[PDB]
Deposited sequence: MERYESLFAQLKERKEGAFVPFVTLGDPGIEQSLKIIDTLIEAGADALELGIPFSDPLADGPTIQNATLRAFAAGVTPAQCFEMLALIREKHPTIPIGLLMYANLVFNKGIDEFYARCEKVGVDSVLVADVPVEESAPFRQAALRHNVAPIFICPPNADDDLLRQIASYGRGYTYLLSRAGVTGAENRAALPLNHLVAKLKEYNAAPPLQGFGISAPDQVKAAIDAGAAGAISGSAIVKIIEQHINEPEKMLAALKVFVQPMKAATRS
């Protein structure tokens, strides 16, 4: 929706896909985390995929509000399980997401057929209902997902029968599904480079982002450089 849309528009004209790193809010720390997200951004990031722990929620939402204010157009999408949402009452969650800036919210554990209350809640509070399309999704599921989801589409790699990731992108182009962002096991310019050739609109990585934070969880300033060094290439793997 809006942000995601436009971002994808200016990605077309540039003949390039998007690189969407994944990070866990408040990891390793709140001040550091923020200090991370900005760096990811100014390194090539076109859209963030922010993970939510369980650092309380009010803080994670407080950071999202900060990020937003700091970065107005960057597509902010969250990734979490149903508990937190089930905790704050479905509606109030999304309403609280619509108030801090988030553009979309993917609730793992919620299976497609039981998404109803979320798909509505996000739509009620202008948030994009995001779904996961497994590598082995049947024509039926494809059709479901395509219509139900707004913003972007989370395409599951054949690493998480899996039809080649090209058939899928097409089967989406066909049923007007939101632009697909392939995720899972993509921590190399190689895989990102391929992801896009296959027709996906962008890649997502998170493991690598974690490992680097790990090896430098003592060097706050060094940790960022490694991350600053990490993006550019990955992000560059999505061009010309």
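Colleague: Which runs of the deposited chain sequence never show up in the coordinates?
Modeller: Since the structure holds only modelled residues, the stretches it omits are 55-75, 182-188.
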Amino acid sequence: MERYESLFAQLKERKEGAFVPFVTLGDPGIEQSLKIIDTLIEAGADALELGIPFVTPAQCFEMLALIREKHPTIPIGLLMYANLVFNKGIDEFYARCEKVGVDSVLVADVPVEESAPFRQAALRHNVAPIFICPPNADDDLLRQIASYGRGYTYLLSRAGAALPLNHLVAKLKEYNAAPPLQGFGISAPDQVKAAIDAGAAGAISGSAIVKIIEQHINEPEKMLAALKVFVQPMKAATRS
From here on, numbers count along this sequence of modelled residues.
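Colleague: As stated in the PDB record, which stretch has the larger average Cα B-factor, 184-192 or 167-175?
Modeller: It is 167-175 that shows the higher mean C-alpha B-factor.
Colleague: Using only C-alpha atoms and the B-factors in the entry, which stretch averages higher, 103-111 or 120-128?
Modeller: The deposited B-factors put 120-128 ahead on the C-alpha mean.
Colleague: Which listed residue, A161, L78, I74, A146, has the largest C-alpha temperature factor in the record?
Modeller: Highest C-alpha B-factor among the listed options: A161.
Colleague: Out of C60, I67, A208, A198, which shows the largest CA B-factor listed in the entry?
Modeller: In this record, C60 carries the highest C-alpha B-factor of the candidates.
Colleague: What third of the chain does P53 rank in for C-alpha temperature factor, lowest, middle or highest?
Modeller: Within its chain, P53 is a highest-third residue by C-alpha B-factor, going by the deposited values.
Colleague: Relative to the other modelled residues in the chain, which third contains the C-alpha temperature factor of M1: lowest, middle or highest?
Modeller: CA B-factor rank for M1: highest third.
Colleague: Looking at the temperature factor on the CA atom of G89, which third of the chain's modelled residues does it land in?
Modeller: Top third by C-alpha B-factor.
Colleague: Is the Cα B-factor recorded for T24 in the lowest, middle or highest third of its chain?
Modeller: Lowest third, going by the recorded CA B-factors of the chain.
Colleague: For the chain shown, is the CA B-factor of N218 in the lowest, middle or highest third of its modelled residues?
Modeller: Highest third - that is where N218 ends up once the chain's C-alpha B-factors are sorted.
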